[PDB]
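J.:
Protein chains: 4
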Amino acid sequence: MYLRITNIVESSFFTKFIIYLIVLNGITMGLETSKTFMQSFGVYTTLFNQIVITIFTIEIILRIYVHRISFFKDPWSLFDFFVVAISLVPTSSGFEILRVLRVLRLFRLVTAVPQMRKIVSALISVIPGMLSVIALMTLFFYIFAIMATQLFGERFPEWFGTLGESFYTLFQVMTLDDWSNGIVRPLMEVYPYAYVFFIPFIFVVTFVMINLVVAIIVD
Amino acid sequence: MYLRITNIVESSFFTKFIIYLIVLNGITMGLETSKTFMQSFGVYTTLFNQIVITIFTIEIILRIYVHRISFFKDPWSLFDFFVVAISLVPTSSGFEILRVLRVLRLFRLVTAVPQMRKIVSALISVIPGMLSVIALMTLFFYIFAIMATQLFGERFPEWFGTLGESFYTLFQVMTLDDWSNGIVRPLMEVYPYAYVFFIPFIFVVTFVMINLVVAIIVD
Amino acid sequence: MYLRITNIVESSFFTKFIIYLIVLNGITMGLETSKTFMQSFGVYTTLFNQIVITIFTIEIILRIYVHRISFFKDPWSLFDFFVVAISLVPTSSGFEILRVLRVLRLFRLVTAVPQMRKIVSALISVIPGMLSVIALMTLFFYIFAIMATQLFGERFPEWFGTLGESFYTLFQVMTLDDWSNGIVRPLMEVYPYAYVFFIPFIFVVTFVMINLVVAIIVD
Amino acid sequence: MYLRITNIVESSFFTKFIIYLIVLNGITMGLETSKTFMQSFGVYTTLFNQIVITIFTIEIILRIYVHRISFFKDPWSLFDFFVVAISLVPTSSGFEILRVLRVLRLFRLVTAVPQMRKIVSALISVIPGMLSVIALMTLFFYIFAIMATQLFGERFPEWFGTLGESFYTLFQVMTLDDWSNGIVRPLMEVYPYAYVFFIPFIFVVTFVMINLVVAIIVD
Ligand SMILES: CCOC(=O)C1=C(COCCN(C)C)NC(C)=C(C(=O)OC)[C@H]1c1ccccc1Br
Ligand SMILES: CCOC(=O)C1=C(COCCN(C)C)NC(C)=C(C(=O)OC)[C@H]1c1ccccc1Br
Ligand SMILES: [Ca+2]
Ligand SMILES: [Ca+2]
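Chains as they are written, first to last, in the authors' numbering: chain A, 1001 to 1219; chain C, 1001 to 1219; chain D, 1001 to 1219; chain B, 1001 to 1219.
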């Protein structure tokens, strides 16, 4: 010691205190959606946000002292740091995206409850086996997006004028969402063979993903 | 008479008789849909229904004396109870919801044929493992629906004006329903970076889905 | 009558001739589709048509002599039988539709090639173990069509005006097809609570589907 | 050095070198999609391209003499060959589709990298397994397309006027893309029974599809 409190924080009671708080501020932020609540009780709720934001700043500080540099190879906490930090840049300041960003803290419920922690851990763990198929596909999107841009962006700029648009569109087509009547039929009014681009494209991205799911499943 | 009654409820004719009426009522309920048919034979049917509802009412009565508490620890029968119960209440009474809700008694055909009861049970048995993946997704939806209401509810109130609306819109998107031409493209015209909310959202939401099944298959 | 003919049927000439003809009649049926070809060669192919069915009908008779009672408890032979008898339907205008049912004769390619029959039969083989589920749906879809026609057919006759219409509409939403912006958002404009029919309906119809496949998986 | 040239090629510096040129070109070709960029670097990169093909041209020539008959029985190099050949047409010729086909050379990143090769080589190997199914499906699409064209093309020529269109359309219905409100329901205004073609059509293409994957799964 070193630790004078170290045993707290480690303590079961204290964390669930954070967990009990998180679900509260999470409840607050929900109610903060109602314009009616914010005219009638906005005041109870702004300070409340700050108590919780203070306590959290506190709790994070405490946790770093105990763990010294070893807290910063814990992703969950790294997450807890940046997510609480996020909630600390001011509300009516510069960039209201940051105003919304502070709701990300509600994912701390995952961070503080090992079971969600366990789930998130399970899902990310299938990612490393996939990066190869993720690598091929991204290359393909990159190549076809380019072809689509050069083949169709002059007469159809909304969908294909810029590389990014071809990416966004191809993704849509990839998601198969309103792809015939929505994208290809029109295209085909001007360029009758455009199905020769799109129909194969649809085949490949669909074939691969399917087999991708099989490889996960086959133990 | 305890044994005398018990010997009645268990006969293969009682089961077949109630089942046959179920097959019959279900047919009438189908018949009840034609307003031509109603005009001509409507009266035949409004009464057959209550005749059937009574015979069914008796069956429930008979089965409870025999089983006492063992009738009410059986999930299938409780449902049977609650389904005939709801079929008890009158059309004029309250509002015309129960009047439709009554069609749920056709779920007795599942209730009464042992082959189907097995299928349902097999099916339901898949559910309990999911409560972990179920819960996580629910938190994710809650958080994101909140970010969505604050970001998009002023200019797109119908889709996102409300927590609920943001929930609805999101599931629709989750189902990938006309999500692209229908929602994100419009959003992007006011808020050009809206693809930065939905594309990731779609990823999380589709990946977790895969894994819900993989874990089902693998487990 | 057995001995004379039998020597023709099991031979490689008989089987190869019929099959290669299938491919010929299939090539020939593509062209009938272009009115340009039909105004310039229609008379050639309407009778080329006439000869294959002639060749197929005769072929059916022989195979029946040679196989006797064993012909009509063989499904593939039975199919060709049915698929040919149909192709025997009048050329002239008894009435128009059955005329289109003739292209089914291209399914003789399935019957007559052993690799495809393996596939088809393998496929059909999956059906019996699924049927208990199936029935479940048809009870489920039915209960709901009844509910749907009573709830929505008044203000929305096109989609829910008839039991049969509601079934259709209901099949559509299961396939998840333009289901929200297309169907249920409008419903909600009059009946704000329609999501209580369709969001559950969707979980259920989807739950069953996934689980149908896993049942395929274990088997 | 008709023979001995092999030791220069095949070197670890060699293979990796061609990869670095692919990545630059892959980057510079993305830049070719931009109209702004082409203004102040077009000639710099118009210059860049042909050098790469040339080098590639040089690299393909060297590798052939080293491998002789074997080079042209290497699947990855044949691609290399032809995707280089495409790039070898002149810049300002008659068919501007070829110019666009140039970016196909970014796929050499697949043939030149065994891990890329590993996924692609693995994926294709699945194909021979489905060829019995693919022939089946293509036979099935062909049959229903014929039927569609004779059935709906006169009143709906845009969608069914011709075989190809019916193919496209049928392919569309099969991705279930806007099929109902988009394709079938309109049909039904004129041909009330069209769901009888399409709902069965849907079951079948979905049935074969799902089961195809399960076979992939078990194997
Ligand atoms: C925060 C709880 O979720 C909701 O706010 C909603 C309810 C609350 O009931 C929840 C019923 N639940 C079991 C599906 N109905 C469901 C169903 C919705 C939803 O988005 O479904 C996922 C929304 C809603 C949708 C459409 C119009 C208004 C509103 Br309010
Ligand atoms: C036929 C697609 O239906 C699905 O439910 C699947 C989704 C989509 O379901 C969730 C809702 N969705 C439309 C986003 N992801 C894709 C990619 C799948 C596929 O392999 O077919 C292309 C299947 C699937 C998911 C999980 C486990 C096994 C399978 Br088979
Ligand atoms: Ca759509
Ligand atoms: Ca859709």
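Backbone N, C-alpha and C define an ideal beta-carbon position, used for all residues, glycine too.
Nearest to C:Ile1027 by CA position, among D:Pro1075, D:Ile1146, D:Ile1127, D:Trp1159, is which residue?
T.: D:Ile1146
J.: Give a yes or no on whether 7 Å exceeds the smallest Cβ distance from residue 1223 of chain C to chain A.
T.: Any answer about residue 1223 of chain C is impossible in this case: the structure gives chain C only from 1001 up to 1219.
J.: For C:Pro1090, which of helix, strand or coil comes out of DSSP?
T.: coil
J.: Contact defined as beta carbons within less than 8 Å: I believe D:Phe1107 pairs with D:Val1083. What is the distance between those atoms, to the nearest angstrom?
T.: Contact between D:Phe1107 and D:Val1083 holds, with the beta-carbon distance rounding to 6 Å and staying under 8 Å.
J.: Using a Cβ-based criterion (distance less than 6 Å to any ligand heavy atom), does C:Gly1161 qualify as near ligand 1?
T.: no
J.: Could you tell me which uninterrupted alpha helix (DSSP H) segments, each at least 4 residues in length, are contained entirely in the region 1101–1146 of chain A, listed from first to last along the chain?
T.: 1108–1112, 1114–1124
J.: Check whether the region 1175–1182 of chain C and the region 1175–1185 of chain A touch, using three or more Cβ-Cβ pairs below 8 Å as the test.
T.: Contact holds between the region 1175–1182 of chain C and the region 1175–1185 of chain A, because three or more Cβ pairs, one in each stretch, are under 8 Å apart.
J.: Just by C-beta distance, which residues in the region 1160–1188 of chain D are closer than 8 Å to chain C?
T.: For the region 1160–1188 of chain D, which is checked against every Cβ of chain C, the residues closer than 8 Å are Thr1162, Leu1163, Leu1176, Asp1178, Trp1179, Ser1180, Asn1181, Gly1182.
J.: At the 7 Å Cβ level, is D:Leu1151 part of the contact set with chain B, yes or no?
T.: no
J.: So B:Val1120 contacts chain A; which residues on that side make the cut at Cβ distance below 8 Å?
T.: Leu1136
J.: Which residues in the same chain have their Cβ closer than 7 Å to the Cβ of A:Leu1187, if we skip the five residues on either side of it in sequence?
T.: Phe1152, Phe1156, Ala1194
J.: Figure out for me which residue from B:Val1009, B:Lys1016, B:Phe1167 has the closest Cα to the Cα of B:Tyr1142.
T.: B:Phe1167
J.: So, helix, strand or coil for A:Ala1194, using DSSP?
T.: coil
J.: The alpha helix (DSSP H) that contains D:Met1038, what's its start and end?
T.: Element bounds for D:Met1038: 1035–1067.
J.: Can you check whether the CB of D:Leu1123 is closer than 7 Å to the CB of B:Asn1007?
T.: no
J.: Pairing CB atoms from the region 1056–1072 of chain B with CB atoms from the region 1109–1120 of chain A, are three or more of them under 8 Å?
T.: no
J.: Of the residues that make up the region 1101–1134 of chain D, which ones have a beta carbon closer than 9 Å to any beta carbon in chain C?
T.: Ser1132, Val1133
J.: Taking only beta-carbon positions, decide if D:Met1147 is within less than 7 Å of chain C.
T.: Chain C, which has a Cβ nearer than 7 Å to the Cβ of D:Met1147, makes this yes.
J.: Excluding the 5 residues preceding and the 5 following C:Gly1161 in the sequence, name in chain order all residues of the same chain whose CB lies nearer than 6 Å to its CB.
T.: Take C:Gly1161, set aside five residues on each side of it, and the residues of its chain with a beta-carbon closer than 6 Å to its own are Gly1153, in chain order.
J.: Could you give the distance in angstroms between the alpha-carbon of B:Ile1061 and the alpha-carbon of A:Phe1144?
T.: 28 Å
J.: For chain A, find out if any of its Cβ atoms is closer than 7 Å to the Cβ of B:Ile1018; answer yes or no.
T.: no
J.: State the Cα-Cα distance for the pair A:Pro1114 and A:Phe1072, rounded to the nearest angstrom.
T.: Near 18 Å, if we compare the C-alpha coordinates of A:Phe1072 and A:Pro1114.
J.: So which of D:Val1173, D:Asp1219, D:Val1208 has the shortest CA-CA distance to D:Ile1199?
T.: In this structure, D:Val1173 is the residue among D:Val1173, D:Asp1219, D:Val1208 with its C-alpha nearest to the C-alpha of D:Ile1199.
J.: Is the CB of residue 973 of chain C under 7 Å away from at least one CB in chain A?
T.: In the structure as shown, chain C starts at 1001 and stops at 1219, and residue 973 of chain C therefore has no counterpart that could be examined.
J.: For B:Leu1163 and C:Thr1091, I'd like the C-alpha separation in whole angstroms.
T.: 55 Å
J.: Please report how far the alpha carbon of B:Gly1094 lies from the alpha carbon of D:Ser1034, in whole angstroms.
T.: If you take the alpha carbons of B:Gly1094 and D:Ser1034, they lie about 31 Å apart.
J.: Which of the three DSSP states is assigned to D:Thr1015 in this structure?
T.: helix
J.: Going by beta-carbon coordinates alone, are C:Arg1102 and C:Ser1087 separated by less than 7 Å?
T.: yes
J.: Closer than 6 Å: is that where the CB of C:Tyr1168 sits relative to any heavy atom of ligand 1?
T.: yes
J.: 7 Å is my cut-off, CB to CB: does C:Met1029 come that close to chain D?
T.: At least one chain D Cβ lies under 7 Å of C:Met1029.
J.: Strictly below 9 Å CB to CB, what residues from chain A border B:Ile1058?
T.: Within chain A, no residue comes near B:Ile1058; the closest Cβ sits about 24 Å away, beyond 9 Å.
J.: Please report how far the alpha carbon of A:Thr1169 lies from the alpha carbon of A:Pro1128, in whole angstroms.
T.: 27 Å
J.: What residues in its chain sit with their C-beta under 7 Å from that of A:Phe1037, if we drop five residues either side in the sequence?
T.: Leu1031
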